[PDB]
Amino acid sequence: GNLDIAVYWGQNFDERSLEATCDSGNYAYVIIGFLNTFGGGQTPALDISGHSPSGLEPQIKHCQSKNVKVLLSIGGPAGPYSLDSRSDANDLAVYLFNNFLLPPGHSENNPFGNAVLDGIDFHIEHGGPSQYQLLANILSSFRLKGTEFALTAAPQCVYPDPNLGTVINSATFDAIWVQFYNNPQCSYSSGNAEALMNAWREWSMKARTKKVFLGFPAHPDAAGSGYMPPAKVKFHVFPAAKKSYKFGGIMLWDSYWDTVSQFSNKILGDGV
C-alpha cells in the first residue's frame, strides 16, 4: 500500500539535486554517501562526487521539512577507510556526533553547516568487523542520551555479512537494507529469482533488526548484476515479503539512476 523507499544520493556531480530528490515525494529516506576516508591516521573526508558540502545545508533542512529523513553513510563501495583500532572508533564516533548529529556550537566546524542529520548509515564493504561494533556501541550510547537519530546498515546479500554480520547480531540497527545486487549467489539473475527469494527468507528470519529493506539497482547500468524490473518486483517479491513482520520497504541504488529509469515511479504507480 504505502511503501517506504530509501535511496542513496551523492554519487554523481550532475545528478538531480538533493532538494529536488526530496521534492519528488518518492522517498521516506535519503542517504547521503559517502564519508569514505577515515581511520589509519587519516583525517575524515567526504566524497560526495564534487557537490559543495556547505551548499547542502539548506537542502537537508528542506528535505526534513517535507518529512524526509536524511542520513550520512560511512564507508562506501570504495575508499581508504578502515577502523582497526579502538581509538579510531572513538575518534570517529565523536566526530560524527559533534559535527552531524548535534546542533552546533561552535569551532567544529560542521561540514554541512548547521544541519543536523537524522542518522548514520553503515555501508562497510571491506575491512572485516574490525572495531565497527565499538563504533556502534558508542553511537548507540549517544542515542540513549537524548540525541535521537537512526543507525542503519547496508550489508551484502550473503548471510551473515562478512563485514557487519557481527554488528547486526548486536541488534543495534533500526533498519537494514540488504544489497540484492552484485552477487549472483543471492540476487536476481537469468530469469531466476530463486537465489533472491532464498536470501530474502534468511535475512527476514535471522537479522536482528525491526525493519529489513530489499535493496535493488534502479537501472541495468547501476550495478554489475541483479537488476530486476519493477513489474517483476511487484509481481514476484511483494506478495511474499509483505508477509514478513520485518518487511520495511525497498532501497534503491541510486538517485542518479532512478532519475533516468523512473523505477520508483513505476513501483509506486507514478507517485508525487
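We number the residues from 1 along the sequence you see.
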Study note, to complete from the structure: Averaging the C-alpha temperature factors as deposited, the higher value of 102-110 versus 75-83 falls on 102-110
Exercise for review: State which stretch shows the higher mean Cα B factor in the entry: 259-267 or 12-20.
Suggested key: 259-267
Review point. Which one of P239, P58, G33, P217 shows the top CA temperature factor in the record?
Key: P239
**Study point:** Criterion, highest CA B-factor; candidates, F142, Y188, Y132, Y159
**Key:** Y188
Check your understanding: Considering only modelled residues of the same chain, in which third does the CA B-factor of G165 rank: lowest, middle or highest?
Key -> middle
Check your understanding: Hey, what third does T147 fall into on Cα B-factor, ranked over its chain?
Key -> highest
Review point. Based on the entry's values, in what third of the chain does the Cα temperature factor of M205 lie: lowest, middle or highest?
Key: highest
Exercise for review: Could you say whether, by C-alpha temperature factor, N137 belongs to the lowest, middle or highest third of its chain?
Suggested key: middle
Review point. According to the PDB entry, is the CA B factor of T43 in the bottom, middle or top third of its chain, that is, lowest, middle or highest?
Key: highest
